[PDB]
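Visitor: Pasting an experimental structure, sequence included:
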2 protein chains.
Amino acid sequence: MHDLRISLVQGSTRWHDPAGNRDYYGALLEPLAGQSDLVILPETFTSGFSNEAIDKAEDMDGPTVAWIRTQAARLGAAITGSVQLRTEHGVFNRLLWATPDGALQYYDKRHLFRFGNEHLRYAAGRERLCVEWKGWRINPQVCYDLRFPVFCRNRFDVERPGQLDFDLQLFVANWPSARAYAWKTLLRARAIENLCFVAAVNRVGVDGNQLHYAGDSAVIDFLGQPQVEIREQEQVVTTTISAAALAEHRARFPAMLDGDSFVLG
Amino acid sequence: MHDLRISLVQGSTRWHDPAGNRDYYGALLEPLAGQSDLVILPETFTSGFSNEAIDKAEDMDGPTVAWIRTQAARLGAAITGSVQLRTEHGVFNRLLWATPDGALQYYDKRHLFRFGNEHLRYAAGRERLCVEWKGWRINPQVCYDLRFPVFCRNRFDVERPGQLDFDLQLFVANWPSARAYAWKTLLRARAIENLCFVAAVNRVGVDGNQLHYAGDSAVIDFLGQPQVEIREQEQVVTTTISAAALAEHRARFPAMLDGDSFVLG
């Protein structure tokens, strides 16, 4: 495949202000037009990570879904992030995947964040999402999902014949700074054990629940080494990941061949 | 359960010299008598990690198995480490778990080290070993196993009702310093994701094939934070891990309740 340009958009999400966040993140995105293939926003980037946000959650016909589509077209890049989203089946923490070819896919967060009481009224997802963009197969997940290696696992000869399931795994997050060590460590471990790139975006700033966020957004190579890492401040960075290097690593270190078969319940 | 005293025995394994190694590790173990509950030796601590060592591999009736049972009794501690061991099936990389009373359990390395050509002539295991010792449930694994999170997974309400499978996970290894970063990172990630203590022993020195080992043996807490870490030099350290601290963490951060059900194939 070709190389992939990834932009990390490490913003300070405005509390409970969808319109304000569309403007704010829109402004951060503007200079990226034509410069990126994949723009990654934080989890719950329109309201912040909030249980009270459930009662005002938008639906699929709402302004935020329209906005992300608009941004993907405007930038010429895949755009991803999560929003509390209401359906017939409940209100999900829904990762949106919008591509400039006009396609929209989504993934409902499987592991709701029990410690933050997300599980009380939000609905949990089930299926894992893998998408293909610019010849890269990509598995986008959300925040707490990171702590669950079995659901994160890059299987061999399952989704793709004679190949790993995916080339790039993503995490979008509101992961508080008190537990930043776990964030940084797990992201690196996922890249190593799954023989893939990992890209992850976490917000910065302080939220309405008094939580502080240190960012630590990164693109991590298949050796678990961050190619770019940003922290503390509002920041956008765009970096390119090498298809050739990934293919060479997977040939040189064929741990893909030793993985255990399993079936998720 | 009470707190567990764990001794890391970071030795410079003598190349292809079982008798020399029994003497060498024996001498390292002597001062530990009465001071420890669990003594952890490196992987293949009698031969070094070697494909050539398969031809002269000992069997269960051999001096090494006798020696480890003798050490357990002499020290008053469980002793663990692995040895190339011949059976009717072939030659395994067999972790031995020897207790003072003369009991012996074992674990045949499931994932043979493909990059080092271990898989060419050695036989692979299948079963995962969990043992109960001093009220601690313990999962000992071997080297390359560390790269396989599904086989490493601490499941909830499977092996123990309403509890995680184990309290302490161990890795014994010959992990070259060229890839030390992966060793360090993965050990920390396993402790975090599996909400458990992790104890790991890797050799030091240079082997018969001029591969350098940096050690990085450690006892790592359930937050992924080392409590003791040692490197580069031949070194023994004994540390105590807190049962109460583990319980408190599991009560406070209930991630065990969110793990996914799965069945290994």
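Guide: It's in. Residues are numbered from 1 along each chain as shown, chains lettered A, B, ... in the order given.
Visitor: Please identify the helix or strand for residue A:8.
Guide: strand A:4-10 (DSSP states H and E).
Visitor: which non-adjacent residue is nearest residue A:186?
Guide: Of all residues not flanking residue A:186 in the chain, residue A:146 sits nearest, at 4.9 Å (Cβ to Cβ, 6 or more residues apart in numbering or on different chains). For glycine as for every other residue, the C-beta is placed from the backbone atoms N, C-alpha and C.
Visitor: wait, is that neighbour part of a strand?
Guide: No - counting by DSSP: H, G, I helix; E, B strand; the rest coil, residue A:146 is located in no strand; its state is helix.
Visitor: which residues does residue A:106 contact?
Guide: By Cβ atoms under 8 Å, 6 or more residues apart in numbering or on different chains, residue A:106 lies in contact with A:94, A:95, A:96, A:97, A:129.
Visitor: rerun at 6 Å
Guide: Shown in contact with residue A:106 (Cβ atoms under 6 Å, 6 or more residues apart in numbering or on different chains): A:94, A:96.
Visitor: Run through the bridge partners of it.
Guide: Per DSSP bridges, the residues bridged to residue A:106 are residue A:96.
Visitor: quick one: it from chain B, how far?
Guide: To chain B, residue A:106 is 20 Å away according to Cβ to the nearest Cβ, to the nearest Å.
Visitor: on that earlier part again, what packs against the strand holding residue A:8?
Guide: In terms of contacts (3 or more Cβ pairs under 6 Å, 6 or more residues apart in numbering or on different chains; DSSP states H and E), strand A:4-10 is packed against strand A:38-40, strand A:212-220, strand A:235-241.
Visitor: what about 7 Å?
Guide: If you count contacts as 3 or more Cβ pairs under 7 Å, 6 or more residues apart in numbering or on different chains; DSSP states H and E, strand A:4-10 packs onto helix A:18-29, strand A:38-40, strand A:197-202, strand A:212-220, strand A:235-241.
Visitor: quick one, which of the ones you listed is nearest to chain B?
Guide: strand A:212-220 (10.5 Å; Cβ to the nearest Cβ).
Visitor: Residue numbers of the stretch 51-200 of chain A in contact with chain B?
Guide: Selection of the stretch 51-200 of chain A residues close to chain B by Cβ under 7 Å from any Cβ of the partner chain yields A:111, A:114-115, A:147-151, A:153, A:181-182, A:185-186, A:188-189, A:192-193.
Visitor: Produce a ChimeraX select command limited to the buried residues of those residues.
Guide: Selecting only the buried members of those in ChimeraX, with burial defined as 16 or more other Cβ atoms under 10 Å in any protein chain shown, works like this:
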select /A:111,114,147,148,149,150,151,153,182,185,186,188,189,192,193
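Visitor: you'd agree residue A:72 is in a helix?
Guide: Yes - checked against three-state DSSP, residue A:72 lies within a helix.
Visitor: Near it, how many other residues are there?
Guide: Residues within reach of residue A:72, counting by other Cβ atoms under 10 Å in any protein chain shown, total 24.
Visitor: And for it, nearest residue in space, chain neighbours not counted?
Guide: residue A:98 (4.0 Å).
Visitor: wouldn't the one you found be in contact with residue A:66 here?
Guide: No - the pair residue A:98 / residue A:66 is not scored as a contact, 10.0 Å apart, by Cβ atoms under 7 Å.
Visitor: Compare those two (neighbour count), which wins?
Guide: Comparing residue A:98 with residue A:66 by other Cβ under 10 Å, the one with more neighbours is residue A:98, at 25 against 13.
Visitor: Tally up the residues packed near the nearest residue in space to residue A:3 that is not next to it in sequence, please.
Guide: The shortest distance from residue A:3 to any non-neighbouring residue, by Cβ to Cβ, 6+ apart, is to residue A:240 (4.9 Å). Neighbour count for residue A:240, taken as other Cβ under 10 Å: 14.
Visitor: Residue A:240 reaches residue A:7, doesn't it?
Guide: No - counting by Cβ under 7 Å, residue A:7 is not a contact partner of residue A:240; they are 10.6 Å apart.
Visitor: quick one on the thing from earlier: which residues touch the residue nearest to residue A:186?
Guide: With contact taken as Cβ atoms under 7 Å, 6 or more residues apart in numbering or on different chains, residue A:146 is in contact with A:171, A:186, A:187.
Visitor: Just to be sure, the second one is in a helix?
Guide: Going back to what we said before, that points to residue A:186. Yes - counting by three-state DSSP, residue A:186 falls inside a helix.
Visitor: give the contact list for it.
Guide: A:146, A:147, B:189, B:192, B:193.
Visitor: likewise residue A:160?
Guide: So residue A:160 contacts residue A:137 (Cβ under 7 Å, 6+ apart).
Visitor: Provide the secondary structure category for it.
Guide: coil.
Visitor: now do residue A:150
Guide: Assignment for residue A:150 (three-state DSSP): coil.
Visitor: Quick check: the gap between it and residue A:262.
Guide: 7 Å (Cβ to Cβ, to the nearest Å).
Visitor: Residue A:90 now?
Guide: Distance of residue A:90 to residue A:262, computed by Cβ to Cβ: 28 Å.
Visitor: Also residue A:99?
Guide: Taken as Cβ to Cβ, the span from residue A:99 to residue A:262 is 31 Å.
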